[PDB]
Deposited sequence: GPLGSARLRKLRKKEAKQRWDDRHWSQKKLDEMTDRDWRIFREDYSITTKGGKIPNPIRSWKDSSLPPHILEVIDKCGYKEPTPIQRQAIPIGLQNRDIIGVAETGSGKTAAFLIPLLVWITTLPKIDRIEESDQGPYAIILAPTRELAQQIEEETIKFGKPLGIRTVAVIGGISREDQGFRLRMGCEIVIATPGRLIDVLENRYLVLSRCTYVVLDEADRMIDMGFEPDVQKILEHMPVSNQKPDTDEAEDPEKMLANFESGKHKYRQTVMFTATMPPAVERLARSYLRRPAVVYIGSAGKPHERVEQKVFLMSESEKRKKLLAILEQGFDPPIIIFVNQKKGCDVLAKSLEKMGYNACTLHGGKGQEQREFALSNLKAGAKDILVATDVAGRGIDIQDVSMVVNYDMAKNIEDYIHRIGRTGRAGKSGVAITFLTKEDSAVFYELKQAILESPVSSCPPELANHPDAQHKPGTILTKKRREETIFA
């Protein structure tokens, strides 16, 4: 009976639905477990008074979408992959948790007599982008007494060499310049607890993968988070963030795309990162995780069962192409001891209620966001496919769409391939991407 929009409510009134609408309003898609709620406004945020004062004085009146969601994850010391393009407020999204961390260290702990390099390094692919980041970092950092030094090309080595001697809290750099400096020990990463790769896809495109690898090799290994479920446990990671000086490092990667090289970087640099993806409200394929299995038709039922046996978050939807399929597949599942609905309102209530866990259906209303869509039969055109996978929701948890492809589906391979190659939240599937039938438009 309370039908207010969330923006009419106080923070402590926010419901699950309100958070869903909220993420829809800002086009916030995520991946990872136990994502903290996004920031509704600066005032509504739990940022320290002095931090908010600097935010307010710099003029940033409202958090941008990436800032809304990434900032709270960063404040739990969690790694992040942020999918968003320059101009979207990425820089402040990563700068803010760092500034909270630095300026809240005990003075006794902020004390070091010898110069031990930066608390943070921000790596950019180009001199032009690095300077943008620098200007913004200075404007945030100076009021807070935080020093920033740029290690980039296009600047004198005297000036650069000098500035280095003075000590700093943040270094902004380009890969080529940074490796040379490390290789000559003009700078060390002894107290670095914050690693940022900005435009990692562009770094890859420029040929910087090996240099970015070699740079990682200079970070002290013993401050990396453990590779376990604990790396994305909020209670534990929050307690680690607050642990001040001795926390695990955190790493942030920003990129517009996820080709395999970028995924390699991520596997090395990051531990159980959360994904924050902004945009594509109208284009589900860009923002829904898609997986495909090529098989013969006779293999479909056993692959489905194997998938189901792995367990799922009900409800899920399985799509088939013909209504007879719908009915017979549904029977078999109820035989395997599954609660299956076929496809009026009555069906969705049970699903919504938890009664039924699996909806079987053809391309033919209105239904909740689902964790998983399975295309047991692939759609006959890419527009129907798009509409199907769109059922994981407009925003919020990416969800997963799993598609069974056979040779009878060859006429949608090229467009299916495009749908996935344009999906930064999806892994490139060489089985389809390299397939002889996915190379040219059909007809």
Legend entry - Deposited-sequence stretches lacking C-alpha coordinates, listed in sequence order: 1-19, 363-370, 392-395, 475-488
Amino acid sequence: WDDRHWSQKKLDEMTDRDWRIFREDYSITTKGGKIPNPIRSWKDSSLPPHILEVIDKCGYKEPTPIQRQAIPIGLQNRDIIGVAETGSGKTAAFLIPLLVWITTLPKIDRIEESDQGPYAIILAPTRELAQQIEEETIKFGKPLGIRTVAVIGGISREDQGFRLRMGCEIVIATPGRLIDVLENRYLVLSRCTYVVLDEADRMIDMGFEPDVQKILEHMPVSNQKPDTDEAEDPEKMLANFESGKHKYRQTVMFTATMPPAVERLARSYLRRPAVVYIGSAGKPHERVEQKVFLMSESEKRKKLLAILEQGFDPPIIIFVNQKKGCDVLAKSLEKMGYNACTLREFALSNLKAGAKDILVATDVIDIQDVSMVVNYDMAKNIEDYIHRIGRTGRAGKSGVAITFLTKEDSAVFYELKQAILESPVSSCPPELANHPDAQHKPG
From here on, numbers count along this sequence of modelled residues.
Inset, instruction - Would you tell me which stretch averages the higher CA B-factor in the PDB entry, 327-335 or 98-106? - result: 327-335
Inset, instruction - Decide which of the stretches 395-403 and 41-49 has the higher mean C-alpha B-factor, going by the entry. - result: 41-49
Inset, instruction - Please pick out which of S280, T257, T342, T193 has the largest Cα B-factor as recorded in the entry. - result: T342
Legend entry - Largest Cα B-factor, entry values, listed residues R388, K57, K417, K34: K57
Inset, instruction - Determine, from the deposited record, the chain-internal third of the Cα B-factor for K245: lowest, middle or highest. - result: middle
Inset, instruction - Among all modelled residues of this chain, ranked by Cα B factor, put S222 in the bottom, middle or top third, i.e. lowest, middle or highest. - result: middle
Legend entry - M206 - Cα temperature factor, lowest/middle/highest third of chain: middle
Legend entry - Lowest, middle or highest third - CA B-factor, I111: highest
Inset, instruction - Select lowest, middle or highest to describe the third in which the CA B-factor of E263 falls within its chain in this entry. - result: lowest
